[PDB]
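> Below: the sequence, then the experimentally determined structure.
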Amino acid sequence: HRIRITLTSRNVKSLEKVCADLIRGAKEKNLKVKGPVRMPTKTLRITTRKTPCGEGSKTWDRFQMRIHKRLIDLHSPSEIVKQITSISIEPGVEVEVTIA
Amino acid sequence: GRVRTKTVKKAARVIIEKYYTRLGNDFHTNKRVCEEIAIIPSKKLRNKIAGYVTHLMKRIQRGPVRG
Amino acid sequence: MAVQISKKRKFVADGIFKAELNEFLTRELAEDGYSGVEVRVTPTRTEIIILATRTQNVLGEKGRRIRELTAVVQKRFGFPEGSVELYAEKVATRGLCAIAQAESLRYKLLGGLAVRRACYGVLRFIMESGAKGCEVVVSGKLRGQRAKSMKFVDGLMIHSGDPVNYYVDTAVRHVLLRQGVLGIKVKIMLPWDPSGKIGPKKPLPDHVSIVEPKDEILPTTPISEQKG
Amino acid sequence: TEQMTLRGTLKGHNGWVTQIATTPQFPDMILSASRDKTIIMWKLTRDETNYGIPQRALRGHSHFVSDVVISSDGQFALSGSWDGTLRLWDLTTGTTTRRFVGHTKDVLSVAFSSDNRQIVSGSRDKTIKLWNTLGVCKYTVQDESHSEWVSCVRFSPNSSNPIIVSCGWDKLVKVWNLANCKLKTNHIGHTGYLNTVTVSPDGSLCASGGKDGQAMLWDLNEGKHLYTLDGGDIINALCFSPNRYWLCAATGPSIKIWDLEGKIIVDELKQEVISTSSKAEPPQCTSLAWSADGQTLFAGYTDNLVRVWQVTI
Amino acid sequence: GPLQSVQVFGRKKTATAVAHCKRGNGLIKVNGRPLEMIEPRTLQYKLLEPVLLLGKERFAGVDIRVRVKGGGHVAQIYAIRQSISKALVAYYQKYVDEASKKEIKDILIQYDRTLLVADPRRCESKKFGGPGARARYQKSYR
Amino acid sequence: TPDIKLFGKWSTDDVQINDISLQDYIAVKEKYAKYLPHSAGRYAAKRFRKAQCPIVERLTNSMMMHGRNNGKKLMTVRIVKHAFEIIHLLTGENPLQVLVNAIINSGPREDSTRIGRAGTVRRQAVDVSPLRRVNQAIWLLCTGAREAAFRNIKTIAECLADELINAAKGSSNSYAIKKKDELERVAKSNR
RNA sequence: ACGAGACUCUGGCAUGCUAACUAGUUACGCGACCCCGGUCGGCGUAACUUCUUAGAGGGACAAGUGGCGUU
């Protein structure tokens, strides 16, 4: 089966740690696994005035929100995919599994 | 200007004082030495400390230093 | 699901949900020393950990209040029934939490006390809890028509750069007295530890340490021994 | 006794020359690795203007390449660089067959076996890794090894006593057996960190050199220290002549040659081009290799040149 | 038998021109068309400048196919003229002896440095309170 | 086969810089000879790096001014090319020799600077730098051609051509020679 | 002790490392046109990361040289 697992999160270190854990499980289970494909990141920019009133020098704030997304493919039945995704998950990392 | 601050100078001085035999005039060799014998959080601070260690080695090779 | 909104809007709605949840609990649990929430996602399960000081008083008698909080969260945020379970736990080192000490100073000022007495007491409690240094700012109409401010700085307090983000803890609170509004600004600089429970992991950028070398022996005679 | 005469220099490098290697198969080829990321294969011409010209530059490293050894058939090459990886070069096309992976720190020295099947490698880490021909480790010692940096590892030339010598910064020069891969004899009594050791081609006596300038000699069959003679400055490189009973050292900006029958200096190979009198520091020698016939001696300096030397009488 | 091929890129601002040197007769084409049919025609000497500097005898053993994407016009021309020189230098340096690479590279550097070294000049970010990177809006008193 | 670097169609050798004080500020002979006056740049980074720029490239750089022409380098290149063609077609001489002679004869050699407080008028004569002589020559020739080609049927490619022709002889019918002589007279009036 | 510095983000490069049918390159086959080769963002599948994407690491420190300076 063509099984695709999508991981999208905000932090980068916990995302890399859980991706390393998943690829380590795929390597120790001895099955064909695609590499960690790194999609381009998206930034959410909101620019707003600092002062609440209309007095002062025209100073502005710059907010950002980096979003990192990975996807790793597998060749296995579904129960292996669920039992390998439901092990040692991180709170700040979303996991999302579909089959084509 | 390129003037080293007091943290770099104190770290390089105690590195020269405390580990002296395992040093040299090469910047990369004592750079790796200062990498392993101490804990520097950044890398620019490590390079500045290693450069001041190299300069202090060149100064010790000519004579004594009152620090 | 047919709607399935975009990846930007998902993180936006999740942040709005955490912000509204944190605001709701910091309005409700002002008595038991509320600190924050921790929403952890599970397959077909959501649970929100509450870290407070009086964990015997957040539950009530036989867990009445926690049941009412689960019920109001389920009825407000639009969640399936039985999918939300709240959990309450106590946190150690109460003097290293900025929000808990700010709420304690607010309760001490609201019950009726000298402001300098309460500030000295909470600062001595914070440095008896094992902090690196703290400052307390109380601004308002302090004993008179014209407002003033008193600042109690002792210890070590950084102000600039990236390490102000994960070394100090800033909490702002408002006190409603009979004459006006009194503000609380408290900032506690956490000490460095490699454990990861008291404060952060990374040291200060200007801080450098060297390790003690051993006492090696210098042989004046060339020797050679065989073993193994 | 005799006189050593220079003949020329090999220009074309950009950093300090770290290793020089030659083979009996190609007497008109010098293969040198420098501080820069390239490895320059030289083609010898013996002309009045230039002694040799570069023939092929070997690239693929990302940091300071420190050691290079040429295999017994004359068509392969092994390089140890600081990136933590080793490359098995091809001298006909310039490509890399296998890439060695597993080291985590900068690599100091590598060496081919006598039978051209085994690979030893000493690095900045406290481990010594045994590799095969095809880039797979067999058994790497990590627990009972040097307490700090490992400088040089070398093989025996003969298979009757197939030991490997290893010197490092911890003032403890060691001997490991090839079979069970454990320590046999450790040697103590050297002041300062080590730079190199060199095994004589008959596989009997070894030479050791480090910071203090004492060229300490040992034995391979028994763990008995023979003698110790001063060399002056810091000893960087050591080598043995294949035919003549000699031993040459790189003591700072000068090369010292001694006679091993009667312990006396043969010649003093100082910097005969005396021109840096304007408050300068003399460049030092970091690598030197004898030829296969023991006739032409090539030395690596820090002034971006490789000097050649020949015997007149 | 063996096939000889190198593939070297080149940048000025954002344009990337990637050449391809393999064996064959002498022909140079960028984006499927020769060097003479590239607009603007007033930079045709900038296009043909390494070919006129090195001669047609060095290019006779190779053929050159450049793909270019991004940037403007002038930056694309400079990226192409850098990439052709870098690809020829890399092909000579890989398969021919590198002495001939040295008499190519020394005269290439001696003419102009940008034939082999990229220009590290990028656009500065705009700041608030002004129309551009450094300019500010007009200040009014009274 | 680059025997000599033809500047489009003009030879770069056999040209003479008569003024000995401008031998190393006119980069036209045997080192800084290019096919085109368009280069990457990086000349205004250091303190004296602009002296090694070729004089025709500096002329094309200082040609574009007055708001509506900023950044348009290619148009200035083709106007300078047409001007060089007109100069060669008119005088029968090399266009680089006319341009070099126009630099030397239009460069002032003494200037009066303003001294005193803010409001008073008082001058003091000083001599000028060889680089500033070249800069003033290029600026004067460019602004003279620009003022000559304004609200007129005569195009700027032959207005710049007649600018360099009149400046190379010192005929005082050009703007640059007249302004140079005005500056020299004001400097000489109060030495 | 604070401020500065130190710190964080981004830009500038590495033909070396880790992987890409939601990004490509190069070979091969089919197909269209011209006069034996050229063009194709036409079609498809044998390797690879040269382009692109993004992670760990590397690199710059006044390091080398010559002058001025209590050297």
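Nice, I can see it. Residues are numbered from 1 along each chain as shown, chains lettered A, B, ... in the order given.
> got a list of what the residue of chain F positioned farthest from its centre touches?
Distance to the chain centre peaks in chain F at residue F:117, reaching 33.7 Å (criterion: C-alpha atoms, centre = their mean). Residues near residue F:117 by C-beta atoms under 8 Å, 6 or more residues apart in numbering or on different chains: none. C-beta here means a position set from N, CA and C on the backbone, and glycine is covered the same way.
> And it, how close does it get to residue F:123?
Counting by C-beta to C-beta, to the nearest Å, the gap from residue F:117 to residue F:123 is 14 Å.
> who touches the closest residue in space to residue A:42 that isn't next to it in sequence in this structure?
Leaving aside its sequence neighbours, residue A:42 sits nearest to residue A:67 (C-beta to C-beta, 6 or more residues apart in numbering or on different chains; 4.7 Å). The contact partners of residue A:67, taken as C-beta under 8 Å, 6+ apart, are A:8, A:9, A:10, A:41, A:42, A:43, A:44, C:7, C:8, C:11.
> where's residue A:67, which helix or strand?
Using DSSP states H and E, the element containing residue A:67 is strand A:66-74.
> Let's verify residue E:104: helix, strand, or coil?
helix (DSSP: H, G, I helix; E, B strand; the rest coil).
> Quick check: beta-bridge partners of residue F:127?
residue F:110 (DSSP bridges).
> since we're on it, how many residues are nearby?
10 (other C-beta atoms under 10 Å in any protein chain shown).
> Excluding chain neighbours, what is closest to whichever residue of chain D sits closest to chain C?
Residue nearest to chain C within chain D (C-beta to the nearest C-beta): residue D:189, separated by 3.5 Å. Of all residues not flanking residue D:189 in the chain, residue C:222 sits nearest, at 3.5 Å (C-beta to C-beta, 6+ apart).
> likewise residue D:300?
Looking at residue D:300 with C-beta to C-beta, 6+ apart, the closest residue is residue D:17, at 3.2 Å.
> Same check on residue D:113?
In space, residue D:113 is closest to residue D:155, 5.7 Å off (C-beta to C-beta, 6+ apart).
> that older thread, now the helix or strand just after the strand holding residue A:67, how far from the chain's geometric center?
Beyond strand A:66-74 on the C-terminal side, the first helix or strand identified by DSSP H and E is helix A:78-85. Distance of helix A:78-85 from the chain centroid (C-alpha atoms, centre = their mean, to the nearest Å) equals 18 Å.
> Quick one: list the elements packing against the following helix or strand past helix A:78-85.
Using DSSP H and E, the helix or strand that follows helix A:78-85 in sequence is strand A:93-99. For strand A:93-99, the packing partners by 3 or more C-beta pairs under 8 Å, 6 or more residues apart in numbering or on different chains; DSSP states H and E come out as strand A:3-9, helix A:13-28, helix A:78-85.
> Buried residues, the shortest one. List them.
Looking back up the chat, that one is strand A:3-9. Under the neighbour-count criterion of 16 or more other C-beta atoms under 10 Å in any protein chain shown, strand A:3-9 has A:3, A:5, A:7, A:8, A:9 buried.
> before we move on, what about stretch F:85-99?
F:85, F:86, F:87, F:88, F:94, F:95, F:96, F:97, F:98, F:99.
> Compile the residues you listed into CSV and extend it with columns for secondary structure.
Below are the buried residues of stretch F:85-99 laid out as CSV (three-state DSSP):
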residue, secondary structure
F:85, helix
F:86, helix
F:87, helix
F:88, helix
F:94, coil
F:95, helix
F:96, helix
F:97, helix
F:98, helix
F:99, helix
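> These into JSON lines, with extra columns for distance to residue D:233?
Listed next are the buried residues of stretch F:85-99 as JSON lines, based on distance: C-beta to C-beta, whole Å:
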{"residue": "F:85", "distance to residue D:233": "70"}
{"residue": "F:86", "distance to residue D:233": "73"}
{"residue": "F:87", "distance to residue D:233": "69"}
{"residue": "F:88", "distance to residue D:233": "69"}
{"residue": "F:94", "distance to residue D:233": "64"}
{"residue": "F:95", "distance to residue D:233": "65"}
{"residue": "F:96", "distance to residue D:233": "60"}
{"residue": "F:97", "distance to residue D:233": "63"}
{"residue": "F:98", "distance to residue D:233": "67"}
{"residue": "F:99", "distance to residue D:233": "62"}
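> And those, which is closest to residue D:89?
residue F:96 (53.1 Å; C-beta to C-beta).
> Pull the contacting residues for the closest residue to that closest one other than its chain neighbours.
What sits nearest to residue F:96 in space, not counting adjacent residues and going by C-beta to C-beta, 6+ apart, is residue F:15, at 5.3 Å. Contact analysis of residue F:15 by C-beta under 8 Å, 6+ apart lists F:28, F:29, F:94, F:96, F:97, F:100.
> Quick check: the second one vs residue F:14, distance?
Looking back up the chat, that one is residue F:29. From residue F:29 to residue F:14 the distance is 9 Å (C-beta to C-beta).
> Give me the more crowded residue out of the two.
Per other C-beta under 10 Å, whichever of residue F:29 and residue F:14 has more neighbours is residue F:29, with 16 against 9.
> so which strand or helix has that one?
Using DSSP H and E, residue F:29 falls outside every helix and strand.
> Next, it: phi, psi?
Backbone torsions for residue F:29, taken as degrees, to the nearest 10, come to phi -110, psi 120.
> so it touches residue F:13, yeah?
Yes: contact criterion C-beta atoms under 8 Å: residue F:29 and residue F:13 qualify, at 6.9 Å.
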